[PDB]
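Novice: Before I ask anything, here's the sequence and the deposited coordinates:
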Amino acid sequence: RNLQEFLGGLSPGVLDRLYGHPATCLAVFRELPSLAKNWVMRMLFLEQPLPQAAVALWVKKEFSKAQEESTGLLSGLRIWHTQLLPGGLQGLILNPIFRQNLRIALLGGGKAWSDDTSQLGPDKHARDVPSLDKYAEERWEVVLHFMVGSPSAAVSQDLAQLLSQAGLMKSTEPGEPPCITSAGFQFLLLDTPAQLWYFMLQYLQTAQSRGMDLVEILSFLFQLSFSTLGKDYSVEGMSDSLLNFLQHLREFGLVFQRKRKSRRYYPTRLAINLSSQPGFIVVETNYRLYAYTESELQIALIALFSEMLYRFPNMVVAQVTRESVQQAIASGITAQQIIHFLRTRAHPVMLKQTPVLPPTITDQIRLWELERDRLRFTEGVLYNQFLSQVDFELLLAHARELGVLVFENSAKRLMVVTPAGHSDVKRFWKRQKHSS
Amino acid sequence: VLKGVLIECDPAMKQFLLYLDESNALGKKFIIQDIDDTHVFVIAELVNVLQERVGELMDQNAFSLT
């Protein structure tokens, strides 16, 4: 799921409380479509509602579908609310709180998002941007290795429980380590910003168990999203629970902090990328992958759907075979996920070509994917004992009404239904003959 | 009425299954009921050997590069 889907199901009060922070409003505005942004900007400096027809006349008739979609999305997000214009007309005006916060974020005004940074002076143990990036990469690699099950990576108990609640890994028995499921493989194949966003969404969903304020967590996350890289921020000014949540972020690599009691925290590159690098995989027409990577995580991920051939100290040469792709699919990974992963990790050299990946390789992978699903199997019960067409039609209509029909053929008067509905169909058939 | 598995696929695989049935490749006539040109009815107790035979036919004319 995406941000818009998550925000659609929230109550109006929660949405209004979210708009109280300028950082949240900017993120919501950037998540809007291109057409919606122009409407928001035009209505930013308006103190009076506008007629619905006047707004509808801005976009041409041919692109009315995009206008309708944008209007529906804005109404669902409650960015604007319809106003009862005098004379029976309907006026459209943006939410005053959202508009005020957006103007504060853009034009200026009010207090800063962070309390202060120069009160405590320069950090005694400050790090650099490459160090923060290395720390974030190490944390993410440790998390993903713990997802795989490598003993070298050990995380906190609550983090492991969160993965179990997310369904990526299941713990069949207490004490024994959980096993990664197909959903875990799909999560691994996802892009890093997508993985971070999915993990944050799962955290937000499970936050209701801990009784934490969703609005505060969302506002803090959005503030971290726009935070400048390499600049510390004041820990003070936050509730006790949020700091605890921040500690979990410290385990996730999004936020770096020297000590729990330290008053300085440095947002990392991964935290910035959460709101939204060059790729290290070269794909050749002969079904060969050349990866410029050294960490065991990427090697394992590539070996999930490919056969390894050579491992030079700074290079990995692998071959994409039919058997490897079939094994990966049997593991639960679809071809679309593999193609997306290859495109995301594609080397910058391959970006020169008009297609990111050669069409032949993608077509071959997709065809290999369809090989497993070529045969369709449906367990059920077949009825072929119809003496008359009229009797067959009534039973077929009853089965369709029950919604247990699998296959119908009026030409030969043969039908196939689910075993669960077989008892109901038999009871219906007996009643028709007995009552006759 | 029958209880089993409806198998749907391209007509070529249906004809291959019919050839297996008539040639007793699986050792018996368990391919019992034919309902459509692209649909067949098979007893579920030995579906695994049918999958193995289909896989063998598929990868026989494949020339795996491994």
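Specialist: Good, I have the coordinates. Residues are numbered from 1 along each chain as shown, chains lettered A, B, ... in the order given.
Novice: ok, for residue A:149, nearest residue in space, not its chain neighbours?
Specialist: Distances taken as CB to CB, 6 or more residues apart in numbering or on different chains place residue A:177 nearest to residue A:149, at 5.9 Å, with adjacent residues excluded. Bear in mind the C-beta positions are built from the backbone N, C-alpha and C, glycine included.
Novice: Oh, that last question was meant for residue A:56, not what I typed.
Specialist: residue A:67 (6.6 Å).
Novice: what does residue B:66 give?
Specialist: residue A:321 (4.9 Å).
Novice: in chain A, which strand has the most residues?
Specialist: Ranked by residue count and defined by DSSP state E, the top strand of chain A is strand A:376-383.
Novice: what's it packed up against?
Specialist: strand A:405-409, strand A:414-417, helix A:419-435, strand B:2-8 (3 or more CB pairs under 8 Å, 6 or more residues apart in numbering or on different chains; DSSP states H and E).
Novice: out of these, nearest to residue A:286?
Specialist: Closest of these to residue A:286 is strand B:2-8, at 36.0 Å (criterion: CB to CB).
Novice: Name the surrounding residues that touch the closest one.
Specialist: A:375-382, A:384, A:406-407, A:416, A:419, B:17, B:32-33, B:35, B:38-44, B:47 (CB atoms under 8 Å, 6 or more residues apart in numbering or on different chains).
Novice: Restrict it to CA atoms and write it as CSV.
Specialist: This file holds the C-alpha atoms of strand B:2-8, laid out as CSV (Å, rounded to 0.1, in the frame of the first residue of the first chain):
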residue,chain,number,x,y,z
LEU,B,2,-17.8,-37.6,-10.1
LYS,B,3,-15.4,-36.2,-7.6
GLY,B,4,-11.9,-35.2,-8.7
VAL,B,5,-9.9,-32.5,-10.4
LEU,B,6,-10.7,-30.5,-13.6
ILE,B,7,-7.5,-29.8,-15.5
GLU,B,8,-7.6,-26.9,-18.0
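Novice: Given it, what are its sheet partners and their directions?
Specialist: With DSSP bridges as the test, strand B:2-8 is paired with strand A:376-383 (antiparallel), strand B:39-42 (antiparallel).
Novice: How far does stretch A:141-158 sit from its chain's centre?
Specialist: 22 Å (CA atoms, centre = their mean, to the nearest Å).
Novice: Tell me which residues of that stretch come out buried.
Specialist: Residues A:141, A:142, A:143, A:144, A:145, A:146, A:147, A:148, A:155 are the ones in stretch A:141-158 that count as buried (16 or more other CB atoms under 10 Å in any protein chain shown).
Novice: and what of stretch A:218-238?
Specialist: A:218-227, A:232-233, A:235.
Novice: thinking again about what came up before, helix, strand or coil for the residue nearest to residue A:149?
Specialist: Secondary structure state of residue A:177, per DSSP: H, G, I helix; E, B strand; the rest coil, is coil.
Novice: Just confirm it contacts residue A:147, I think it does.
Specialist: No. Counting by CB atoms under 8 Å, residue A:177 does not reach residue A:147; the two are 11.0 Å apart.
Novice: Could you say which helix or strand holds the most centrally placed residue in chain B?
Specialist: Among the residues of chain B, the one closest to the centroid is residue B:17, at 3.9 Å (CA atoms, centre = their mean). Secondary structure assignment for residue B:17, by DSSP states H and E: helix B:11-23.
Novice: Between strand B:2-8 and that helix, find me the angle.
Specialist: Angle, helix B:11-23 to strand B:2-8, by axes from the mean of the first three to the mean of the last three CA atoms, to 10 degrees: 130 degrees.
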